[PDB]
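Engineer: Before anything else, here's the structure in question.
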Amino acid sequence: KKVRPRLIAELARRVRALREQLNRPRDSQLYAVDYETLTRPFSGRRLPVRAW
Amino acid sequence: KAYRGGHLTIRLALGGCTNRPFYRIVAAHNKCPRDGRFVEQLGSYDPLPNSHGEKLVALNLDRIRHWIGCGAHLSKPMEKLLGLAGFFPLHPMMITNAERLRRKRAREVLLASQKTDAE
Amino acid sequence: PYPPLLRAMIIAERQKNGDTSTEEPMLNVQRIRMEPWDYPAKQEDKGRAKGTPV
Amino acid sequence: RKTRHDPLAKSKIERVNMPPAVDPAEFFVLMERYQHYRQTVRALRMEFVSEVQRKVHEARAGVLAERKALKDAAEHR
Amino acid sequence: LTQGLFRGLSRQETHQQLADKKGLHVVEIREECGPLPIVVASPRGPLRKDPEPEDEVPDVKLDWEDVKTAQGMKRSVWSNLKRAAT
Amino acid sequence: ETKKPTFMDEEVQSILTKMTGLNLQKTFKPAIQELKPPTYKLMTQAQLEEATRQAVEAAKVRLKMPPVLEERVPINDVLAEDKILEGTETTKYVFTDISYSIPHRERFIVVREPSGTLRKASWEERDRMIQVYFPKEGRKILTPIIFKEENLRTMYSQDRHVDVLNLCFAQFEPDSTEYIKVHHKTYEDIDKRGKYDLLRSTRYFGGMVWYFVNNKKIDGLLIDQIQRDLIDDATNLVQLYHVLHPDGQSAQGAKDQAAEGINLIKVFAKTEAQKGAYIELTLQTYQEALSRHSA
Amino acid sequence: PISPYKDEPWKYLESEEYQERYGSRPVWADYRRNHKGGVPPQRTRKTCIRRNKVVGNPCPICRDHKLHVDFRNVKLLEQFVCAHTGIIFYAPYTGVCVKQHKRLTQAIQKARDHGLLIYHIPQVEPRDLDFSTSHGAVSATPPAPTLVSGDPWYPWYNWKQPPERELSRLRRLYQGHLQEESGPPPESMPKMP
Amino acid sequence: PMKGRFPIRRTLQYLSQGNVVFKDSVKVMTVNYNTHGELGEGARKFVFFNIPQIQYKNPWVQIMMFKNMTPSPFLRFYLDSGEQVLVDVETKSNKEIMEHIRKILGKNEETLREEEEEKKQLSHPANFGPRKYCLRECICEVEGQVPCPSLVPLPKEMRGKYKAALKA
Ligand code: FES
Ligand SMILES: [Zn+2]
């Protein structure tokens, strides 16, 4: 009943959370838009046709 | 089992064999399978008319009122069964789908009339 | 008003319990403040996009 | 169904779902029906919620329940 | 098998001998006839006035084969088979 | 003012109970069912008398006469009419509240017709749905074919009237039209063929006496009791008749003459009884035979 | 083989040809199956007749073409039912084929439905404890106001023509994606003449 | 035959005949009896016949026995509140003991029927499901309703094979 520890599962979890706080994208990158193709280059996703 | 988030829902769980559908009303978690595990069975619905030409619907109103008071949602087909019964109001789209049917059938009466009249 | 069925089940409990009354059961919708669908929500409880640029 | 890591198909790349047409009359009439229907149901839900809170509090803290818990303790002595 | 079968079938006590032995009424209880007591045999001699002493627990030797069946534990793929008329 | 006794009155229950009598051989007739090896007990004379007494206590619970009710009123009630749903469906929905802790005569069962009308289900539909979700042993959804005219006559021909009454009590409700029709028809066949003994020592005898009395057909029964040395029951039948019909020629005549015992039969035989002549002859024969035994 | 008792099968059991062949015993008494071992198979052969051809050892029903399994021949259906428990024997007991044992169970159940065959009918208890129709469920309910005036339960079931200023908002809200405005619907459902 | 003396004790039919169902307060029951002495006769029979009956009805109650520790037999119960119930069982039969503890610490017949009735509501007859939990699996087992296609084939107009063909 004594669970064998998983240390690598906790190490990466802390590293990921940290990197998400130091490499976090800004609103300038996230909410950018190409006004010709009408797509956010960050994710390459098209906007809805009603917002064009 | 433990699901991330989710909530309880009163939906229909399809049953029966091919070309013979039979739904059983149940309260189950939102993420659980359609015909999987449920919390409680609160009724049953037989779409196919019986010998007398009538569709049967069982409802445990005493228990449906218990789960709706505990935070349970409802599915659209199940909200249309409670409106047909008088437990809930007639769902808005049950009304609009009827108006669309009226206008549609009145649109066919013109062509039918014109053909018989013109020709 | 209460819908047809629920109305019939609340009027029958009255008569079964002995209470005799001709008043109509009705739902108090004054508490329910229905806001429009375009009402500003809370942004301090809203999520954010993750850092996976494509 | 797919996952976050699975890629996208090449036939859905150049796909655009155009929204349906709108009937000005029906759209407004239908937008009011949902407004009332959902208010009529929000009241019912609150009623049923009050009944589940009552019974529970009644069961653990009730007149009859506390009238029987004392009888069992008095009969025990 | 034959010498023992005829042996036990001849040393069996009837309902009449039992009553005469203990001077009591032999009553038959049937589920189909409800609680009706059916008198199958009565003693020819003087009927005793005192009842038999009711026994809390009887010290009678049991058979594990019968007890194991009454408890739904005797599994067998050869018992209760459909056979011809006998 | 002055209410006429009902079928459940203590005075009438005792009278109909005594007429029925108690017969253990017929009350606990061996059933044709799955059997087990019987169990035997060594009993004394007193232990045997107590066991025979416990069978009498249990037989009076098996002879409990069912209550007699009147034909229930049809159900014609509309909760709502939604004309907007008209034409949207071809068949009707039958909703049934299924909650365990509710009596079936307080249970809500509604019907949404294709015209958008939300009415309550009729008696025929209520009893049918209650059997789908709360089945009862012996009852069937679809009405059997045994209760038809031709098939019922067959059962009568085999002297199986008590079997037809047990089928009718397990398939229909006491206040249903079919429960009354089937019972009344059976009562009218017995009166025709004089088979009153069949229902004796049963729970269907009182209900049969209650029908002949209210419809004045106690001539045949009253004769049979006399032919079986059951004067006590024969006189109680005339006493009962007088009670339910106080303003009758026999009832008024009795008061004037203060008739008692056998006299009541004579007063009733001449004044109101249809078969006055036959009764007097039958009563005559009995009284003569009884005199010889007294000697 | 055309049996003369086809229409009136109950006359063959009360004849002398049946008594000279069977006597007082049932038709399945002098029948034994041919199987390997002491324990026989738990199912009998599907049928003794295949395309107007009879097998070597037919069953008690298929060997005599004058025995017709009908719900009216009560005297033949009693030989396949226990006189002490009122239960129909399984096929291995009598030796009949499945095809005829399926026909017997029907005829035996159809004769009990017509009152021709005697069977145990128990004395059950009533379904309900009370027999009082003093409840709305079974009685009339006060018609609601909207039902007496011929009005819907809720006002928003009926079509209500919205103002013009509100439609212009929608038209402006959905410019270039629009559909022809629909007027109030007809009062009742049209029908195809 | 079955080993041991009085083999009926080792039967389910005899273990379920006990009428002593302790309450929730009772946690521990300690029995102290003497192997010899005419006075302690009943206590020995109570340990030989009934303790099996008591433990089968009260499986969550600890029962511990001690031999020849005191000159006289006695029972002692330990409740959850800290109260102890001493019971002198000297000069008494096994039946008197079994009947005495049922009156001071055992449940009555009114408290038992209630619990049982609750269970009956756990199996709703209207529900449809496996034979283990529910009486019926599908609604085709109900006469009047449409049978299962396995037994009675459906009409050609009610099968999706031809609905598609008739339409196209
Ligand atoms: S099981 Fe009910 S339809 Fe096949
Ligand atoms: Zn055959």
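Labels used: A, B, ... for chains in the order of the structure tokens, numbers from 1 for residues in each chain, and numbers from 1 for ligands as shown.
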Please write out the residues within 9 Å of ligand 2 as a JSON list (two decimals) with C-alpha atoms, in the first residue's frame, counting only C-alpha atoms and all ligand atoms.
Structural biologist:
```
[["chain", "number", "residue", "atom", "x", "y", "z"],
["G", 45, "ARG", "CA", -35.14, -33.67, -32.54],
["G", 46, "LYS", "CA", -36.55, -30.56, -34.20],
["G", 47, "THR", "CA", -39.10, -32.53, -36.20],
["G", 48, "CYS", "CA", -39.89, -36.08, -37.27],
["G", 49, "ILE", "CA", -41.14, -35.06, -40.74],
["G", 54, "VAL", "CA", -40.89, -39.59, -41.84],
["G", 55, "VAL", "CA", -37.87, -40.66, -39.79],
["G", 58, "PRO", "CA", -41.21, -41.09, -35.06],
["G", 59, "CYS", "CA", -42.51, -39.52, -31.88],
["G", 60, "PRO", "CA", -45.88, -40.41, -30.32],
["G", 61, "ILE", "CA", -47.53, -37.58, -32.27],
["G", 62, "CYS", "CA", -45.84, -38.03, -35.65],
["G", 63, "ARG", "CA", -46.20, -41.83, -35.76],
["G", 95, "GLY", "CA", -40.31, -37.98, -26.29],
["G", 96, "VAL", "CA", -42.13, -35.59, -28.62],
["G", 97, "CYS", "CA", -40.32, -33.47, -31.18],
["G", 98, "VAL", "CA", -39.80, -29.76, -30.59],
["G", 99, "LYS", "CA", -42.18, -28.91, -33.43],
["G", 100, "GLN", "CA", -45.06, -30.75, -31.78],
["G", 101, "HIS", "CA", -44.11, -29.73, -28.24]]
```
Engineer: Taking only C-alpha atoms into account, which residues of chain F are within 6 Å of chain G, as a VMD selection string?
Structural biologist: chain F and resid 32 to 34 77 106 108 146 151 155 166
Engineer: What residues in chain B get the DSSP label helix (DSSP H, G or I)? Please answer as number ranges by chain.
Structural biologist: B: 61-68, 76-85, 92-118
Engineer: For ligand 1, collect every residue having any atom at a distance of at most 6 Å from a ligand atom (counting only C-alpha atoms and all ligand atoms); output as number ranges by chain.
Structural biologist: B: 16-17, 20; H: 138-140, 148-149
Engineer: Using only C-alpha atoms, find the residues of chain C whose closest atom to chain A is at most 12 Å away, then write them as a ChimeraX atom specification.
Structural biologist: /C:48-54
Engineer: For the selection just defined, write its residues with N, CA and C atoms to a file, as a CSV table (one decimal), in the first residue's frame.
Structural biologist:
```
chain,number,residue,atom,x,y,z
C,48,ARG,N,-7.3,32.4,-20.2
C,48,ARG,CA,-6.4,33.0,-21.1
C,48,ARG,C,-5.8,32.0,-22.1
C,49,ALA,N,-5.3,32.5,-23.2
C,49,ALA,CA,-4.8,31.6,-24.2
C,49,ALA,C,-3.4,31.0,-23.7
C,50,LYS,N,-3.1,29.8,-24.0
C,50,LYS,CA,-1.9,29.1,-23.6
C,50,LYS,C,-0.8,29.5,-24.6
C,51,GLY,N,0.4,29.3,-24.1
C,51,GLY,CA,1.6,29.7,-25.0
C,51,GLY,C,2.0,28.6,-25.9
C,52,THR,N,1.3,28.3,-26.9
C,52,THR,CA,1.6,27.3,-27.9
C,52,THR,C,1.5,27.9,-29.3
C,53,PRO,N,2.4,28.8,-29.7
C,53,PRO,CA,2.3,29.5,-31.0
C,53,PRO,C,2.4,28.5,-32.1
C,54,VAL,N,1.6,28.7,-33.1
C,54,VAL,CA,1.6,27.9,-34.3
C,54,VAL,C,1.7,28.8,-35.5
```
Engineer: Can you tell me which residues surround region 286-294 of chain F at a distance of at most 9 Å, considering only C-alpha atoms, apart from same-chain residues fewer than 2 positions away, and format the answer as a list in words?
Structural biologist: residues 226, 227, 229, 281, 282, 283 and 284 of chain F
Engineer: Residues at most 10 Å from region 81-89 of chain B, counting only C-alpha atoms, excluding those fewer than 5 positions away in the same chain, as a PyMOL selection string?
Structural biologist: (chain B and resi 45+57+59+61+76+94) or (chain C and resi 2-9) or (chain D and resi 36-38+40-41+44) or (chain F and resi 79-80+82+85+93-96+109-113+116-119) or (chain G and resi 153-154+157)
Engineer: Residues of the last selection are to be written out with N, CA, C and O atoms, as a compact mmCIF listing (two decimals), in the first residue's frame.
Structural biologist:
```
# COMPACT_ATOMS: atom_id res chain seq x y z
N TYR B 45 -39.40 5.91 -22.23
CA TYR B 45 -40.13 6.48 -23.36
C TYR B 45 -40.10 5.50 -24.52
O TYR B 45 -39.02 5.12 -24.98
N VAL B 57 -45.03 7.03 -21.82
CA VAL B 57 -44.00 7.83 -21.18
C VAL B 57 -44.18 7.72 -19.68
O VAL B 57 -45.20 8.16 -19.14
N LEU B 59 -42.69 8.81 -15.91
CA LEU B 59 -41.95 9.90 -15.30
C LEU B 59 -42.07 9.81 -13.79
O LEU B 59 -43.18 9.76 -13.25
N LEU B 61 -41.95 11.94 -11.31
CA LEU B 61 -42.03 13.36 -11.00
C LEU B 61 -41.48 13.67 -9.62
O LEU B 61 -40.79 14.68 -9.42
N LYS B 76 -32.62 18.90 -24.42
CA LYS B 76 -33.71 19.47 -25.20
C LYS B 76 -34.82 18.47 -25.47
O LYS B 76 -35.99 18.80 -25.21
N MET B 94 -40.67 24.04 -29.98
CA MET B 94 -41.85 23.24 -30.27
C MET B 94 -42.96 24.10 -30.85
O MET B 94 -43.79 23.60 -31.62
N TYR C 2 -48.73 28.44 -12.81
CA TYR C 2 -48.05 27.16 -12.92
C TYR C 2 -48.52 26.44 -14.19
O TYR C 2 -49.65 26.63 -14.63
N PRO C 3 -47.67 25.61 -14.78
CA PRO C 3 -48.08 24.88 -15.97
C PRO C 3 -49.23 23.93 -15.66
O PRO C 3 -49.54 23.70 -14.48
N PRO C 4 -49.88 23.38 -16.68
CA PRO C 4 -51.10 22.58 -16.43
C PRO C 4 -50.94 21.51 -15.37
O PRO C 4 -51.74 21.47 -14.42
N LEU C 5 -49.94 20.64 -15.50
CA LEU C 5 -49.87 19.47 -14.62
C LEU C 5 -49.52 19.87 -13.20
O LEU C 5 -50.23 19.50 -12.25
N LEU C 6 -48.43 20.62 -13.01
CA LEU C 6 -48.03 21.03 -11.67
C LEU C 6 -49.17 21.75 -10.96
O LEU C 6 -49.36 21.58 -9.75
N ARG C 7 -49.93 22.56 -11.69
CA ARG C 7 -51.07 23.24 -11.09
C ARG C 7 -52.08 22.23 -10.56
O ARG C 7 -52.63 22.41 -9.47
N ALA C 8 -52.33 21.16 -11.31
CA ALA C 8 -53.30 20.17 -10.88
C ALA C 8 -52.80 19.37 -9.68
O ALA C 8 -53.61 18.88 -8.89
N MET C 9 -51.48 19.24 -9.51
CA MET C 9 -50.95 18.48 -8.39
C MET C 9 -50.83 19.32 -7.12
O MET C 9 -50.83 18.75 -6.02
N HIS D 36 -38.86 34.40 -21.66
CA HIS D 36 -39.89 34.04 -20.69
C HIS D 36 -39.75 32.60 -20.24
O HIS D 36 -39.74 32.31 -19.04
N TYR D 37 -39.66 31.67 -21.19
CA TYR D 37 -39.53 30.26 -20.86
C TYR D 37 -38.42 30.02 -19.84
O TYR D 37 -38.59 29.25 -18.89
N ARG D 38 -37.28 30.69 -20.01
CA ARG D 38 -36.17 30.49 -19.10
C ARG D 38 -36.41 31.16 -17.75
O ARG D 38 -35.83 30.73 -16.75
N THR D 40 -39.57 31.40 -16.41
CA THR D 40 -40.54 30.51 -15.79
C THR D 40 -39.87 29.28 -15.20
O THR D 40 -40.32 28.75 -14.18
N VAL D 41 -38.79 28.82 -15.83
CA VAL D 41 -38.10 27.63 -15.34
C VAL D 41 -37.13 27.97 -14.22
O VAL D 41 -36.88 27.14 -13.34
N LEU D 44 -39.20 27.74 -11.02
CA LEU D 44 -39.46 26.36 -10.63
C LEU D 44 -38.23 25.74 -9.99
O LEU D 44 -38.32 25.07 -8.95
N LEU F 79 -57.33 19.43 -18.93
CA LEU F 79 -56.47 20.35 -18.21
C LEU F 79 -56.12 21.57 -19.05
O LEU F 79 -56.04 22.68 -18.52
N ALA F 80 -55.90 21.38 -20.35
CA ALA F 80 -55.51 22.48 -21.21
C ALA F 80 -55.70 22.07 -22.66
O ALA F 80 -55.64 20.88 -23.00
N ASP F 82 -54.04 23.23 -26.24
CA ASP F 82 -52.99 23.99 -26.91
C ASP F 82 -53.19 23.81 -28.42
O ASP F 82 -52.64 22.90 -29.03
N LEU F 85 -50.30 23.19 -31.15
CA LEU F 85 -49.72 21.88 -31.40
C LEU F 85 -50.58 21.00 -32.29
O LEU F 85 -50.20 19.86 -32.57
N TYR F 93 -49.60 10.90 -26.86
CA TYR F 93 -48.70 10.55 -25.77
C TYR F 93 -49.49 10.24 -24.51
O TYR F 93 -50.54 10.85 -24.26
N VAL F 94 -48.99 9.30 -23.72
CA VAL F 94 -49.63 8.87 -22.49
C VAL F 94 -48.58 8.96 -21.39
O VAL F 94 -47.75 8.06 -21.24
N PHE F 95 -48.62 10.04 -20.62
CA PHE F 95 -47.69 10.24 -19.52
C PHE F 95 -48.25 9.64 -18.24
O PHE F 95 -49.45 9.73 -17.96
N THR F 96 -47.36 9.03 -17.45
CA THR F 96 -47.75 8.29 -16.25
C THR F 96 -46.75 8.59 -15.15
O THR F 96 -45.59 8.20 -15.24
N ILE F 109 -52.32 10.50 -14.33
CA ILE F 109 -52.10 9.91 -15.65
C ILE F 109 -52.82 10.79 -16.66
O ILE F 109 -54.05 10.88 -16.62
N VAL F 110 -52.07 11.43 -17.55
CA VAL F 110 -52.61 12.40 -18.49
C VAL F 110 -52.32 11.92 -19.91
O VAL F 110 -51.58 10.97 -20.13
N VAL F 111 -52.93 12.60 -20.87
CA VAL F 111 -52.83 12.24 -22.28
C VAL F 111 -52.77 13.51 -23.12
O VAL F 111 -53.64 14.37 -23.00
N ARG F 112 -51.75 13.61 -23.96
CA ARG F 112 -51.58 14.73 -24.89
C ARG F 112 -51.98 14.24 -26.27
O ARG F 112 -51.22 13.54 -26.94
N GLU F 113 -53.18 14.61 -26.71
CA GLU F 113 -53.71 14.16 -27.99
C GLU F 113 -53.06 14.94 -29.13
O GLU F 113 -52.39 15.95 -28.91
N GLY F 116 -53.38 18.82 -29.42
CA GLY F 116 -52.82 19.66 -28.38
C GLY F 116 -53.61 19.68 -27.10
O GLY F 116 -53.32 20.50 -26.22
N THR F 117 -54.60 18.80 -26.96
CA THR F 117 -55.45 18.77 -25.77
C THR F 117 -54.81 17.87 -24.72
O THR F 117 -54.53 16.70 -24.99
N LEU F 118 -54.59 18.42 -23.53
CA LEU F 118 -54.03 17.68 -22.40
C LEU F 118 -55.17 17.32 -21.46
O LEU F 118 -55.57 18.12 -20.62
N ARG F 119 -55.69 16.11 -21.61
CA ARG F 119 -56.77 15.60 -20.78
C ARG F 119 -56.24 14.51 -19.86
O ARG F 119 -55.07 14.12 -19.91
N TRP G 153 -52.25 28.99 -22.29
CA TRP G 153 -51.84 29.00 -20.89
C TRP G 153 -50.90 30.16 -20.61
O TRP G 153 -51.00 30.82 -19.57
N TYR G 154 -49.96 30.42 -21.53
CA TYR G 154 -49.06 31.55 -21.43
C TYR G 154 -49.27 32.48 -22.62
O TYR G 154 -49.53 32.02 -23.73
N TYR G 157 -47.35 32.03 -26.19
CA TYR G 157 -47.58 30.96 -27.15
C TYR G 157 -48.07 31.53 -28.48
O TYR G 157 -47.73 31.00 -29.55
```
Engineer: Identify, with DSSP run on backbone atoms, the residues in chain E assigned to strand (DSSP E or B), and express the list as number ranges by chain.
Structural biologist: E: 25-29, 38-41
Engineer: Give as a list in words every residue of chain E that touches chain F within 6 Å, counting only C-alpha atoms.
Structural biologist: residues 24, 25, 26, 27, 28, 29, 30, 32, 33, 35 and 36 of chain E
